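Asker: Before anything else, here's the structure in question.
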Amino acid sequence: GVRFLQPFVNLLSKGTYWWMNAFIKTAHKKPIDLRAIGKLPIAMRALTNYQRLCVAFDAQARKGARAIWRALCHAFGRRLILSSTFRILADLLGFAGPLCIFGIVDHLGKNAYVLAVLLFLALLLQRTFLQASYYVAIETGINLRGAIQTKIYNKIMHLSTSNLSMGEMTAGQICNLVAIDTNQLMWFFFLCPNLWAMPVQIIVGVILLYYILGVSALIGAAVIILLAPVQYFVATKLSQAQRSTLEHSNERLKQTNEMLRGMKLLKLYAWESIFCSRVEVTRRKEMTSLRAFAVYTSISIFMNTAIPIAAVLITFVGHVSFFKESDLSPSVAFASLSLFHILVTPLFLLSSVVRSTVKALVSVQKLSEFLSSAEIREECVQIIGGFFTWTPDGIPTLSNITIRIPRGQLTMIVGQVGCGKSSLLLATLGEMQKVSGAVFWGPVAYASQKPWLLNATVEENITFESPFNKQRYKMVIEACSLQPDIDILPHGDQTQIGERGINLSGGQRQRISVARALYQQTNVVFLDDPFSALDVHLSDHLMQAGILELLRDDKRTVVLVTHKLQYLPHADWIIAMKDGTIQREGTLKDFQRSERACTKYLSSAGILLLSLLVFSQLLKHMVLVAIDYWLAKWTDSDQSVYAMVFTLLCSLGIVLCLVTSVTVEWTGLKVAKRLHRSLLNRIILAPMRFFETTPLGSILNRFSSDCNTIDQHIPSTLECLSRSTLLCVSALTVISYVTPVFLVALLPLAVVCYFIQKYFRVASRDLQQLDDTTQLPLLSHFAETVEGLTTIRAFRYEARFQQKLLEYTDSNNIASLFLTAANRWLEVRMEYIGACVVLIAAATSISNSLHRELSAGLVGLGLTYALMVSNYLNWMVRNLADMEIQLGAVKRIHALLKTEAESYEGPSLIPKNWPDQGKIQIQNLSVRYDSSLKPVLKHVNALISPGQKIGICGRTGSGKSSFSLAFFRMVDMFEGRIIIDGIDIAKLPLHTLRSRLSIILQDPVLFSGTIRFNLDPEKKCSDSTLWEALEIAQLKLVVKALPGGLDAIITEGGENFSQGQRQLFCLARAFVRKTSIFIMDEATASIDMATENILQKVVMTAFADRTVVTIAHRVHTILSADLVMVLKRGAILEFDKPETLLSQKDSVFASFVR
Ligand SMILES: Nc1ncnc2c1ncn2[C@@H]1O[C@H](COP(=O)(O)OP(=O)(O)O)[C@@H](O)[C@H]1O
Ligand SMILES: Nc1ncnc2c1ncn2[C@@H]1O[C@H](COP(=O)(O)OP(=O)(O)O)[C@@H](O)[C@H]1O
Ligand SMILES: [Mg+2]
Ligand SMILES: [Mg+2]
């Protein structure tokens, strides 16, 4: 069952893609689908390409960055060679055409119709073989893409998480790798067959022009030899800028990644200016690289036009009067112009080719450095002599661990923050094979400390490739405290969980991960603090239902690592860790007995610059057509008059063309930088609702792809399109002038071409849309596999995931293949149209201009322009399609620009310093996340006296985090009044409101850089200040134990710091901010109670003269406060006296909970 049949048709059809007819006809009748399009052939599957590639890679290794390149060239092989041979034959015929022109003109001056028929056949043949060469190059490229994609996906498996902690294996870096390297390698492998025919082409060009010029060859030969070395030097100066360009863009992308996943914390206390100025500086450096590249390309185009025109002028002048004394018959003149144009076209192309060439080189260097990452080491739960560290060599954290875990038994690991608990969990998991030690125990379910979700439905995230079960799934759901929240969602179930779970809450994702690890059938289950983002009551219900009733039912083995009170009397073994060592060991008793798109684009381009561009282009082309017409009327013959006219026009042409190129490059640069500056400040001024709503992957990929296309694809493509359209205009005008009868044969051509273009347009749009809709999920899958590595390699589901990726990549490949096949079919029929027009143009010429018109000079112009446009027609159509795609790109940028309604900040209270008196009062407050949705708060009324500690309590979904977010005006549908020292938002813009408070979140984020950049991005602190802030935040000892104390390199999250240490760093931000009001949303989330109590005591003794409002799921912290308010289903209630607030409720909500 297949629909694509290129290898499955007859000899004559493969060239024309006749088979496509049905398909393109079918597409208009019914829209296209993935089940509509077929499967991939036997010789097209990514499995066989990966097979061939790995076999060649092995053969190359038995005999580095160069090795894989050799292997690629080997693997494509014969197909690639064939593409080159087809192109060379097409080139020889393309040169053959102008010779037929020479013969026709010669017989016109005096076996002529034969010249027309043979010329028509030759042109048709060249077109056929050129399009076949392009098709086979595209085939080789798509197979390359598939093979290297599956190779890197297989290698991501054996990659160790110690690389993932480093910047080299950054998830964003790996997805950038996949996407941009697909792109760059595919484009280089489409342009490589084109350049493997430039040398043979130029050689045949000169060997043909000798026999036409004679002794006057010297001038053209000197010109085309003087061209080469200066071009080599220019290309060198170009490549040097381009490589640094790539480095700077690669760092900008990671800065954007770490800027967007933390826009909440960024806008919370408004660190925006710092990150925005940093991205602006990176953009300025990138722009320096780009402007160097653009000036060099402008000089390149200047040379590639100026040297040619001088060559033509010199050669002709030399032949007529300088030495030769043989009158150049017009045939020689026009044939020389034709061969010369054929020679000129490759030189313009090679300059654009370098852009893809150095990019392919850089992409392969990156791919080889990625393949050279560290492997994974091939080998009751038993451990004797534990010893391992996180590098090939270094000081260890795992030292002398001995542990026995009998089946059907609960084991609580406990210990301070940073005691190798998760590390013991991962080493036991075999993900980290110890240096020296024995470990014995299978497919093990496991819920990691930082959960992750798949781009799928909830039911799918909980099944995880296992078949469904009526009672099993319902039990796992009804034990995880998840059914009410699931039913509250917009779709009662199968809700498409967004990327990473943005449209989910903090506790929801944790409960979903625990449900996944609890639903699967296995012996051993590891639970890595599954109680961080849960309250007291949900934790009690989950531990009682799933862990004690559901798990202990089947007598499975459970290793659960957390720190609570209820769990200890329930487990059988207890393991105390300290500084990577087991302090004590055993059971409990023995342990207790032991010791709208193009308008703004053109406006940003400038009404003065694009106008000058169009004007200069038109003027240059008018000069070019006029000089050729004048020369034609002169050749068939005031000789000095014509000589001066020719010499004047030959300088006018180069002046005008140089001006055109310079203007085009300037326009491109301006568009690039204005668009980027607009984009970033449109994203910065967005509300948090827009950031949570929008999928972030779309934002980032649109950002990178669109900006790269505009920076590097829009100038060249736009200028080539303009050149081709002006060439077409010139050719049509010339043919109309030479034969006023051709206007009878032009309308049928236009009508047929118009109808076929209309038919192609809808099928092309459909194929492009399907291409995008299949290309998004593949990259989603790549990202999710890269981040959720530990779980996938714990289950040992690697076969299932590799099979899934094979499915997705095969669908992507078939979509791309059909898009390029439709492209090829349109090109072939357009080339047949061009053959028709040139044929009957030459026929009407040889008939009319000889029999009845009797004109000599017009024949050369007519045939030259016809042979020129017969190729520039297809070239022009391709350039127009490229411009359309890039303009749709620009259009999606412009559509992204204008959303995120202003929500902007908009001086009587600013001039007065923000008061230290922390007296605040909220009267009749409500809150709604989305406009016209359910209310979250209702009739909120509270007051807070100056300099007093304030506690808040409540169940899940009560509204504590909503209370905090509304205290910062992060929820845009609040109703009521918020007064702070007789001062509210009535006279204050949002910036002074972002500077007045401090906030610590339950979700700890940490962007890469140094410790100084995480602690104070403003760089306005002394080192003693930060050392004191760390010694107060109970973090000094773990900071001193790192290389480069205050300058240790931090990566985004990673394992350089556990969750508790990230919480402590957020606390340190709060310490150094030095504001009057504090908000603390669960600073207890991932800190041990033993350290948490003393940490809270020290943080109370430190922040004595300022108001602090806390929301902690720890009872004792709530107990220590004076004014505590309990949030209800929608409302609150305040109470002050510790002895009165505990018996007034009749001991219900605050006493028995304690
Ligand atoms: N991949 C890694 N690279 C560097 N250091 C690590 C890595 N993994 C763990 N560590 C170190 O070992 C300790 C492991 O702490 P951990 O067991 O995760 O704490 P907890 O279980 O309380 O969250 C941390 O202090 C950390 O510094
Ligand atoms: N970003 C959001 N978009 C839409 N609804 C939200 C959002 N955040 C919270 N909610 C809703 O608000 C209610 C409770 O708010 P929340 O601040 O999350 O309470 P808690 O902090 O106790 O979890 C929940 O029913 C939840 O569905
Ligand atoms: Mg941990
Ligand atoms: Mg919360």
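Just so we're on the same page: first chain in the structure tokens is A, next is B, and so on; residues restart at 1 for each chain, and ligands are numbered from 1 in the order they show up.
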Output the neighbourhood of ligand 1 as a ChimeraX atom specification, that is, all protein and nucleic acid residues with some atom at most 8 Å from the ligand, counting only C-alpha atoms and all ligand atoms.

Answerer: /A:161-162,165,390,397,415-424,449,528-529,561,579-580,1038,1054-1060,1086-1088

Asker: Keeping C-alpha atoms, export the residues of the selection given above as a JSON list (two decimals), in the first residue's frame.

Answerer:
```json
[["chain", "number", "residue", "atom", "x", "y", "z"],
["A", 161, "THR", "CA", 23.59, 12.41, 32.35],
["A", 162, "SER", "CA", 26.98, 13.75, 33.46],
["A", 165, "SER", "CA", 24.60, 18.41, 33.36],
["A", 390, "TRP", "CA", 30.38, 12.27, 38.26],
["A", 397, "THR", "CA", 30.67, 11.62, 46.40],
["A", 415, "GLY", "CA", 19.29, 12.68, 55.35],
["A", 416, "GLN", "CA", 20.19, 16.32, 54.91],
["A", 417, "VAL", "CA", 20.17, 18.23, 51.62],
["A", 418, "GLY", "CA", 22.97, 16.99, 49.40],
["A", 419, "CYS", "CA", 23.59, 13.51, 50.81],
["A", 420, "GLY", "CA", 23.47, 11.42, 47.64],
["A", 421, "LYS", "CA", 19.88, 10.25, 48.05],
["A", 422, "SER", "CA", 18.83, 10.81, 44.45],
["A", 423, "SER", "CA", 22.38, 9.81, 43.52],
["A", 424, "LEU", "CA", 22.05, 6.52, 45.39],
["A", 449, "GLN", "CA", 12.69, 14.20, 41.61],
["A", 528, "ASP", "CA", 12.21, 10.46, 44.46],
["A", 529, "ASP", "CA", 10.40, 12.80, 46.89],
["A", 561, "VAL", "CA", 13.04, 8.91, 49.57],
["A", 579, "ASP", "CA", 27.94, 13.87, 53.02],
["A", 580, "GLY", "CA", 27.65, 10.88, 50.70],
["A", 1038, "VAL", "CA", 28.56, 24.06, 50.19],
["A", 1054, "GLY", "CA", 21.33, 20.48, 36.36],
["A", 1055, "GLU", "CA", 22.76, 18.49, 39.24],
["A", 1056, "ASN", "CA", 25.27, 21.15, 40.27],
["A", 1057, "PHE", "CA", 22.64, 21.89, 42.94],
["A", 1058, "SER", "CA", 19.78, 19.79, 44.30],
["A", 1059, "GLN", "CA", 16.26, 21.17, 44.65],
["A", 1060, "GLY", "CA", 16.91, 22.32, 48.22],
["A", 1086, "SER", "CA", 12.30, 20.69, 49.38],
["A", 1087, "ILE", "CA", 14.17, 21.40, 52.64],
["A", 1088, "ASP", "CA", 14.65, 18.86, 55.42]]
```

Asker: When the cut-off is 6 Å and you count only C-alpha atoms and all ligand atoms, which residues lie near ligand 2, shown as a ChimeraX atom specification?

Answerer: /A:929,936,956-962

Asker: Tell me which protein, DNA and RNA residues are within 9 Å of residue A:511, counting only C-alpha atoms, leaving out same-chain ones fewer than 2 positions away, and put them as an MDAnalysis selection string.

Answerer: chainID A and resid 480:482 507:509 513:516 530:531 533:534

Asker: Could you pull the residues within 12 Å of residue A:1078, counting only C-alpha atoms, minus those fewer than 4 positions along the same chain, as a ChimeraX atom specification?

Answerer: /A:269,918,947-951,964,967-968,995-1001,1067,1069-1071,1073-1074,1083,1099-1100,1103-1111

Asker: With C-alpha atoms retained, export the selected residues as a PDB file, in the first residue's frame.

Answerer:
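Final output, out-v9.pdb:
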```pdb
ATOM      1  CA  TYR A 269      10.787  41.510  40.648  1.00  0.00           C
ATOM      2  CA  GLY A 918       4.593  47.373  56.376  1.00  0.00           C
ATOM      3  CA  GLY A 947       6.589  44.783  61.086  1.00  0.00           C
ATOM      4  CA  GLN A 948       4.640  41.650  62.016  1.00  0.00           C
ATOM      5  CA  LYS A 949       5.077  38.095  60.758  1.00  0.00           C
ATOM      6  CA  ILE A 950       1.981  36.861  58.914  1.00  0.00           C
ATOM      7  CA  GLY A 951       1.104  33.207  58.355  1.00  0.00           C
ATOM      8  CA  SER A 964       0.624  36.023  46.256  1.00  0.00           C
ATOM      9  CA  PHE A 967      -0.364  40.852  45.611  1.00  0.00           C
ATOM     10  CA  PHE A 968       1.918  41.643  42.637  1.00  0.00           C
ATOM     11  CA  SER A 995      10.460  47.026  43.335  1.00  0.00           C
ATOM     12  CA  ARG A 996       8.420  47.336  46.558  1.00  0.00           C
ATOM     13  CA  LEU A 997       8.167  43.653  47.575  1.00  0.00           C
ATOM     14  CA  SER A 998      10.178  40.432  47.583  1.00  0.00           C
ATOM     15  CA  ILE A 999       8.892  36.975  46.658  1.00  0.00           C
ATOM     16  CA  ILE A1000      10.161  33.395  46.935  1.00  0.00           C
ATOM     17  CA  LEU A1001       8.348  30.811  44.801  1.00  0.00           C
ATOM     18  CA  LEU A1067      16.175  32.610  49.599  1.00  0.00           C
ATOM     19  CA  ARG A1069      18.046  36.529  46.335  1.00  0.00           C
ATOM     20  CA  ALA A1070      15.378  37.457  48.878  1.00  0.00           C
ATOM     21  CA  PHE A1071      18.076  38.188  51.471  1.00  0.00           C
ATOM     22  CA  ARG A1073      17.064  42.341  47.789  1.00  0.00           C
ATOM     23  CA  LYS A1074      16.502  44.233  51.084  1.00  0.00           C
ATOM     24  CA  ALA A1083      10.209  27.702  51.213  1.00  0.00           C
ATOM     25  CA  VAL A1099      15.449  33.951  58.859  1.00  0.00           C
ATOM     26  CA  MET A1100      13.132  35.330  61.553  1.00  0.00           C
ATOM     27  CA  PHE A1103      14.326  39.840  59.016  1.00  0.00           C
ATOM     28  CA  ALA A1104      12.945  41.225  62.257  1.00  0.00           C
ATOM     29  CA  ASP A1105      12.125  44.798  61.180  1.00  0.00           C
ATOM     30  CA  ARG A1106       9.981  43.946  58.147  1.00  0.00           C
ATOM     31  CA  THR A1107       6.712  42.181  57.377  1.00  0.00           C
ATOM     32  CA  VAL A1108       6.868  38.597  56.101  1.00  0.00           C
ATOM     33  CA  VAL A1109       3.863  36.654  54.786  1.00  0.00           C
ATOM     34  CA  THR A1110       4.432  32.903  54.583  1.00  0.00           C
ATOM     35  CA  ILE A1111       2.545  29.974  53.079  1.00  0.00           C
TER      36      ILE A1111
END
```

Asker: Write out as a ChimeraX atom specification which residues come within 8 Å of stretch 14-27 of chain A when counting only C-alpha atoms, dropping same-chain ones fewer than 2 positions away.

Answerer: /A:5-7,9-12,29-32,128-129,131-132,759-760,763,821-822,824-825,828-829

Asker: Find the spatial neighbours of residue A:360, counting only C-alpha atoms, within a cut-off of 7 Å - ignore same-chain residues fewer than 4 positions away - and output them as a list in words.

Answerer: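 Selected residues are residues 184, 185, 188, 356 and 364 of chain A.
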
Asker: Store the residues picked out above in a file with N, CA and C atoms, as a PDB file, in the first residue's frame.

Answerer:
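For reference, part07.pdb as written:
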```
ATOM      1  N   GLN A 184      20.829  22.533   7.513  1.00  0.00           N
ATOM      2  CA  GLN A 184      22.090  22.898   6.875  1.00  0.00           C
ATOM      3  C   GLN A 184      22.642  21.756   6.031  1.00  0.00           C
ATOM      4  N   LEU A 185      22.634  20.530   6.562  1.00  0.00           N
ATOM      5  CA  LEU A 185      23.151  19.408   5.793  1.00  0.00           C
ATOM      6  C   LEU A 185      22.297  19.141   4.561  1.00  0.00           C
ATOM      7  N   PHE A 188      23.183  21.953   1.961  1.00  0.00           N
ATOM      8  CA  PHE A 188      24.489  21.721   1.354  1.00  0.00           C
ATOM      9  C   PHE A 188      24.450  20.525   0.419  1.00  0.00           C
ATOM     10  N   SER A 356      26.114  28.264   2.642  1.00  0.00           N
ATOM     11  CA  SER A 356      25.712  26.923   3.052  1.00  0.00           C
ATOM     12  C   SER A 356      26.911  26.018   3.306  1.00  0.00           C
ATOM     13  N   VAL A 364      28.746  19.770  10.839  1.00  0.00           N
ATOM     14  CA  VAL A 364      29.364  18.460  11.000  1.00  0.00           C
ATOM     15  C   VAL A 364      30.384  18.478  12.132  1.00  0.00           C
TER      16      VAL A 364
END
```

Asker: From the DSSP assignment of the backbone, select every residue of stretch 993-1084 of chain A that is strand (DSSP E), and format the answer as a list in words.

Answerer: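 Strand (DSSP E) members of stretch 993-1084 of chain A, listed: residues 997, 998, 999, 1000, 1077, 1078, 1079, 1080 and 1081 of chain A.
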
Asker: Neighbouring residues of residue A:116 were defined as those with any atom within 10 Å, considering only C-alpha atoms; residues of the same chain fewer than 3 positions away were excluded. Please report them as a list in words.

Answerer: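 Near residue A:116, the qualifying residues are residues 100, 101, 103, 104, 111, 112, 113, 119, 120, 121, 122, 838, 839, 840, 841, 842, 843 and 846 of chain A.
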
Asker: For atom CA of residue A:475 and atom CA of residue A:555, determine how far apart the two atoms are, in Å to one decimal place.

Answerer: 16.7 Å

Asker: What's the separation between atom CA of residue A:1133 and atom CA of residue A:954, in Å to one decimal place?

Answerer: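 The value is 10.5 Å.
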